[PDB]
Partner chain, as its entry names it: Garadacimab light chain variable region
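Here you get one chain, nothing else, as structure tokens; it is the form deposited without its partner chain.
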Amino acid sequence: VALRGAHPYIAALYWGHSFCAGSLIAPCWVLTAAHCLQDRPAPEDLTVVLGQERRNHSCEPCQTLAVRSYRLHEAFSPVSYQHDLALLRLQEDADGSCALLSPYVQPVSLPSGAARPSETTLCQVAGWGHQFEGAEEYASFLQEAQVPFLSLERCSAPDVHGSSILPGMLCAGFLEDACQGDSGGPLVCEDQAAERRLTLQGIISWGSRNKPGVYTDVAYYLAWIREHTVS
């Protein structure tokens, strides 16, 4: 029995005329890419929607929340895209409550740390993708894709991605498709060094169609994550 949605952890981030995807990791915390927020957008500007099916559409199970604070990695290189992750702190509603777990909204598990994915480890990426301005009624539904994992040996190679792959990045893709997937968005993969079979291995970074995708390697920042969520 399936009493939980597809990708019920996926968060949508709206401010101004800007948009990023994200990953609910606890009911009060969302994890994204750094570069979505370089410009230092004032927390009170941002809107985050959980449990959303189509981009910028409302829906019964959608929960809209305000963001009370965020932060980017100290070492985030706006040039190289290296420490590309930020945390956002949702705003506890009246009565001290962020993101009411439902079939449509549940956090996603962080990686074991001892998640050592081979290249036949199965992985999935989800998002909305490009949508044309205007005409909210012709939105697009959440989409998904199986991507194979890509060892850094094969990814860091120059016919491929070269010295552009720094520490704390990983790749998944086909060498040879990719318009779904939004900045900030989740890559989730089989783990089995956690009780929960599925874990959050990636955040969508850069990479884009004929060349692999590059992701912040979430285990790598696993301490940064706790150091900053335990608050």
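Numbering follows the first chain given and starts at 1.
There is another form of this protein, the form solved in complex with its partner chain, and it is not shown here; the text below is about that form.
Inset, instruction - Using heavy atoms only and a 4.5 Å cut-off, determine which of 97, 102, 151, 77 is in contact with its partner chain in the bound PDB entry. - result: Among 97, 102, 151, 77, a heavy atom within 4.5 Å of its partner chain in the bound PDB entry occurs only for 77.
Inset, instruction - Using heavy atoms only and a 4.5 Å cut-off, determine which of 156, 91, 124, 82 is in contact with its partner chain in the bound PDB entry. - result: The residue from 156, 91, 124, 82 that makes the contact is 82.
Inset, instruction - Verify the contact flag for residue 164: yes if a non-hydrogen atom of it lies within 4.5 Å of a non-hydrogen atom of its partner chain in the bound PDB entry, no if not. - result: Residue 164: yes, in contact with its partner chain in the bound PDB entry.
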